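In the block that follows, a single chain appears as structure tokens, in the form deposited in one PDB entry.
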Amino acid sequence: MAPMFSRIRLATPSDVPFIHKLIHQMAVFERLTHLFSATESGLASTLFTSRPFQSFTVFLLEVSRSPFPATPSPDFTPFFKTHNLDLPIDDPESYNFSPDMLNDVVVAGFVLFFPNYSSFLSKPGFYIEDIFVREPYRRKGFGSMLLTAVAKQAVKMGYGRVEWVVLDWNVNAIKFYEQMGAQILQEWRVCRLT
């Protein structure tokens, strides 16, 4: 039995290797590795050109068996959660997700989002492009914490809705979203110009 603490914080440039590995794990999970062409240089030079919440923004979820310290944006401060005693985590990839090998802090998941716009309300919102929790850390509430963190940020900033898309056959994801109070819209279809 071990304790567990979590923290959600903003990603910074030094987190690019973790973000890259998380996106790669997502591609493997989606069975779309052949579409994975992301690079660390591309992530660094596209995700951090603007300030947090101005354009692309990433929240990272980290976990530790010990409390985090008390202390990238004036509009955000990290969230903390304490979890109940449970079996220790078995994480074969911890060495790829540790900012410091000697410290017991591991990146467990992320959400990538950016501002969208409700024109009929003249009000920004947020759109979530990706949400992913690594396999050893699932079914502990982390995905829900990540999604609701974006919603809490929206409320804080006076923004409107949070939106995303799901595959209609993805009844598992639909279940995960329904339990969050999300509405699934049947009437819209995504259009694309290559």
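In case it trips you up, residue 1 is the first one in the sequence shown, and so on. If you superpose the two forms and keep the largest set of C-alpha atoms that fall within 1.5 Å, you have the rigid core.
The records show that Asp86 is omitted from the coordinate set of at least a third of the other eligible entries of this protein. Among other deposited entries of this protein with both flanking residues present, at least a third omit coordinates for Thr71. Going from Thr71 to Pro72, you skip over 4 to 9 residues of the deposited sequence that the entry leaves unmodelled. Here the stretch with the larger average CA B-factor, out of 12-20 and 177-185, is 177-185. Stretch comparison (25-33 versus 143-151) by mean CA B-factor in the PDB entry places 25-33 on top. The entry lists C-alpha B-factors for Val63, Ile131, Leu43, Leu167, and the highest of these is at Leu167. Per the deposited record, the Cα B-factor of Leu102 falls in the highest third when ranked against the other modelled residues of its chain.
Among the modelled residues of its chain, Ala108 has a C-alpha B-factor that falls in the lowest third, as given in the PDB entry. In the PDB entry, a CA B factor belonging to the middle third of its chain's modelled residues is recorded for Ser118. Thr77 sits in the middle third of its chain by CA B factor, as recorded in the PDB entry.
In the PDB entry, a CA B factor belonging to the highest third of its chain's modelled residues is recorded for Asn84.
Not pictured, yet referred to below: the form deposited in another entry.
Core-aligned CA deviation for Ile23 between the shown form and the other one: less than 2 Å. In this overlay on the rigid core, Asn170 has a C-alpha that sits 2 Å or more away from its partner position between the shown form and the other one. After superposing the rigid core, the Cα of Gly181 is displaced by 2 Å or more between the shown form and the other one.
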